[PDB]
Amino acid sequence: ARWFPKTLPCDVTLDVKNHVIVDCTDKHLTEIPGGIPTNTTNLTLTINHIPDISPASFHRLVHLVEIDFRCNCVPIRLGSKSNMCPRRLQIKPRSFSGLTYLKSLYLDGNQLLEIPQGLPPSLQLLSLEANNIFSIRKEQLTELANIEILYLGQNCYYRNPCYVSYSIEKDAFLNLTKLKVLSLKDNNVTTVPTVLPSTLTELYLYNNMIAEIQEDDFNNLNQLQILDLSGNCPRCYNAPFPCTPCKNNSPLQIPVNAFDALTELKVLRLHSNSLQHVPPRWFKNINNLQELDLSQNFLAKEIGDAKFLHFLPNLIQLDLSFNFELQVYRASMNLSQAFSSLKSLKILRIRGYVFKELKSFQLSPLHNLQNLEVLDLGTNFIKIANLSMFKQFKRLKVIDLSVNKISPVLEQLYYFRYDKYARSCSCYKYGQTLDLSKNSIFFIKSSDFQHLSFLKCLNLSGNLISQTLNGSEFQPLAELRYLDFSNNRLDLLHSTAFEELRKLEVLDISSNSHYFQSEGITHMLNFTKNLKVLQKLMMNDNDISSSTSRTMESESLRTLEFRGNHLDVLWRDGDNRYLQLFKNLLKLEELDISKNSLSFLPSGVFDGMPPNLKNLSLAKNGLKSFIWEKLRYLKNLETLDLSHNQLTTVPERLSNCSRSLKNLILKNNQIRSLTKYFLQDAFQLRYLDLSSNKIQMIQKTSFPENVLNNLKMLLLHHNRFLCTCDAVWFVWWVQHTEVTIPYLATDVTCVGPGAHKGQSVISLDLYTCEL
C-alpha cells in the first residue's frame, strides 16, 4: 500500500486539531533521529539517552507547541543501575529561542544544574522535576513572564539529594504575573517563599523542612484553590521513607489567621504535619472548602472534640486517618457531635484510629449526613462489630471495614508512601458495598447479616471461613449481586452452598484451595445449578484435581475463570468421566483454563466444550502439542489464547480449523516456521500474535496479502528472522504495510546472515538481491 516506508523510530499520529504528534518514548536513542516531520506540534523523547540539546536539535521544527524531553539523564538513585547516565544533559545557547509557538517544556529528570535560559515568551508550562536546581534567583526567572504552570520539585530530597537548604530569592516569583500553579515539593525548602503572585490557584509545598508558617505567608493569595503543606514536621512512626521529625516533637506551627486571605480555597492538605490541635479560627473565612486531609497527625483526642467542623458545611471529603496515639489500643471510637455539622460530606475516612469495639451509637453523629457516600474505617484492629448497625447507612455507596480483626479504590501504599503524586518517566458499581476483607471471620451465620438486605456487594475476601456452607449462612442478603469469597477455605460438601443468594451475578471463590489440596474429600462443583442469574464465576488457584460431580451446570453463566487448577489430573489420559465438566454451562461464552498443567489435551476436551464458547485461554499450560483440527467443534470461537506454551507448529490451513476465529494469540511458544498455506482464506482473522517464537522465514504463501490487510494488529517481534534473499517479500511487506505491527523500531530484527545481524528489518536495504 505505502509508497515510502516509515523509517522514523517514533510513532506518528495526526489529529485535525491541529496536531502532528511524534512519540519517541523509550526507543533506546542516543541522538534525536533525522526526518522528524516539519509540521510536528508535539515531540516526545522521554526515556532515551540523548546526551545533549543544541540549535540543530529543533532547527526545522518551527511549529512545535510541546517538547517532552523527560528522563534522558535521571538522577542516579531514581534510574536504572544497568544503564546509568554518565553525564548531565547539555543544553546549548539558543536551542529553544527559535520555537516561537512553544507552550509546554518538560525537562524533568536530566540532572540539570540551572533553569535553562533563552526560552521563548510563549511558554505556559515548564517542568524541571528531578533535576539538581536547588537555588532560584529572580534574574533566572525573568524569561518566564507569561508562565502559568511551573514544576520545580524533587530537586533536593533523599532520592536525589543536594546537601543544602533550598534557596529562593525574596520576591523571586512575584513578577510572574500569570503564574497559576507552583510546585516546590520534595525540595528541602525552609520557609514559604514570599511574596508570591496573587494570580496563584495551586501551591504545592509538601515534603520539605518548613517548621513555621508566618501569618503573612499567604496574604495576597485570594485566588488560591489548592494548598498543600503536608509532610512538613512529619509523623515518622512506621514511615517507609527516611523521616526526620521537627525538634521537640513540634508540629508545623500555623498561626490562627494564616488562611484568612484564602476565600477561594477548595482543597487544604495537612497530612503528616504532627498536628495535635485543629483550631476553629483557621477556617473562619474559608467557607468554600471541599477537601481536607488531616491524616498522619496526632489528632486522636481532637476527633472527640473537633469544634472546627462547625465551620465546614460545604466540605465534601474529610480524612482523619492514622492519628492513633502510639502504644494505645482504645476501647472505642469517640466521634464528636460536631461531625453532625458536615451537611455536604460525601467521603469520611478514619483509618488507623485503632480501637477494639465498634458500636452503633458511636456513629450517631453521622446518622443525618444526607449526602454521605463513603465511610472508611479500615486498618483499625476492630475486634467486634455488630454489622447490623449499618441498616442506618442504606444510602452509602461503600462501608469499608477492610483490614481489621473482626470475628463473630486507593493505592495499596497510599497513606504511607512518600509522595502519592510522584511522576514516573472492584464491585462498587453493583451498588451498596460492605467491605469486610482481611478480617478474622472464621464462622458465619444468617443473623450476622440481619437487617442488611439492601446490600449489593459483600467483600469477605481474606477471612478464615472454613465451613460447610449449606445455603443458610447468607439468608438475609436477598439483593446481593456480588460476593467475593476469595482467600477463604470453602468446603464444598454441600451443593446447596450459596443457593440462598438468589440475585447473585458474580461469585469469586478463587484461592480457596485448602480443601481441594487434600485427597478423599467431597467437592460438589455442581453447586452452580441453583444460582439462576449467575453471570460470572471465578474459581482460580484452587488446585482442583478431583470432583464428586462429573458436570457443572448453569442456565445463566457466561464467564468461568478456572485458572490455576489441575484439569491435567481430572482429564488424566484414560479417564473420560470429566471431559464434559463444562458442557452444560449452556450460555458460557468465556472460559479461562490457563495454568492447568495441560501438556496435552485429551480427545474429547473440545467436543465437551459448551456450544457458545467465544473466548478460550489455554495459556501457561506447558502444552507441547495441539490437534488444531479439533477447533472445528467450537463453532463460535473468536479468541484463542495459547500464549506461553511449547507449541512448535501452526495448522496447515487455519480456515479448515475454525471459520469463526478472529484473535489468535501464539506468543511465547517454540514455533520455528509457518506452514506453507497457514493463513490461506482465513478471512475472519483480525489479530494474530506470533511474538517471542523462533521463526526465521515467512513466505507469501503462508501470509496472503488479502488476509493480512484486514488485520487490526499483527505482532512479530522477538523472533529469529534471517534476512537473506529468501526474505525479500517479508521485508518488503513489513516496510510498506499499513497493518499495525508494534516494536518495529525496537525488536523486529534480523539475527543473520552475518552482515545484517542485529539490524531492524524496517531499515533493511536488500538491493543486492536484485542486482
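Numbering starts at 1 and runs along the sequence shown. Rigid core: the largest C-alpha set superposing within 1.5 Å between the two forms.
In terms of root mean square C-alpha deviation after superposing on the rigid core in 5 other deposited structures of this protein, the stretch standing farther out between 80 to 88 and 480 to 488 is 80 to 88. The entry models residue 243 and residue 244 with no unmodelled deposited residue separating them. According to the record, no deposited residue between residue 86 and residue 87 is left without atomic coordinates.
Two stretches are in play, 152 to 160 and 657 to 665, and the higher mean C-alpha B-factor belongs to 657 to 665. Relative to one another, 377 to 385 and 166 to 174 have unequal mean CA B-factors, and 166 to 174 is the one with the higher figure. Note on 116, 109, 121, 462: the highest value goes to 121, judged by CA B factor as recorded. For the set 216, 325, 543, 491, the PDB entry assigns the largest Cα B-factor to 216. Residue-level temperature factors show residue 732 in the middle third of its chain, judged at the C-alpha atom. When all modelled residues of the chain are sorted by CA temperature factor, residue 607 is found within the middle third. Among all modelled residues in its chain, residue 291 ranks in the middle third by Cα B-factor. The PDB entry assigns residue 22 a C-alpha temperature factor belonging to the lowest third of its chain's modelled residues.
When the CA B factors of the chain's modelled residues are split into thirds, the value for residue 432 lands in the middle one.
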